[PDB]
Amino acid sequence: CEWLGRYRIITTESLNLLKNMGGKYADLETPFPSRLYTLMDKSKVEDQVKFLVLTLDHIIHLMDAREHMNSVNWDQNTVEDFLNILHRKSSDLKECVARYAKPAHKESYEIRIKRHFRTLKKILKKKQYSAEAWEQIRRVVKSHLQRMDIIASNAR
């Protein structure tokens, strides 16, 4: 997959937007599927890329929530840029994924990663999309971006 090239660039720029859209990061006090990422770290390349597309798309979907962000002072244009940077890389990777054999059973990584993002959305709702609920989500997304970059490195 050609599109795993220069991925560090996506990582750097996206983490930059994530950092600049708001205040300093909150402490990580929310669940994160490190278990899953460990598994992905040593999975085959086809699975790694499929996993990157799945996760990118989940992050885009989570963050595309201007209608629920009154409680944060984040710069919305920076949010939009964040969405866009990740959507473009994701759309490139989807090209490689189209080439892969679409397998026997739903992969456990797709199930688990969805399950995690579900949890995050649930948390935001329970907390009525408060500033600290959003700041947890933001801190969590930082962690995904850091681990995704490792997977991309190892994948290439």
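The first residue of the sequence shown is number 1, and the count goes up from there.
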Problem - Selected stretch [higher average CA B-factor]: 147-155 or 3-11 - result: 3-11
Practice task
Using the B-factors recorded in the PDB entry, average over the C-alpha atoms of 136-144 and of 19-27, then report which stretch comes out higher.
Solution key: 19-27
Fill in the blank from the handout: Note to self: of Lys121, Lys114, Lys127, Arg88, the C-alpha temperature factor tops out at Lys127
Exercise for the section: Identify, among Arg66, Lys102, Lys94, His58, the residue whose C-alpha carries the highest B-factor in the deposited PDB entry. Expected result: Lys102
Fill in the blank from the handout: Quick tally, chain-level thirds of C-alpha B-factors: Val53 sits in the lowest
Exercise for the section: Just say lowest, middle or highest third for the CA B-factor of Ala98 relative to the other modelled residues in its chain. Expected result: highest
Completion exercise
Assert third(CA B-factor, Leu36) within chain per record equals middle
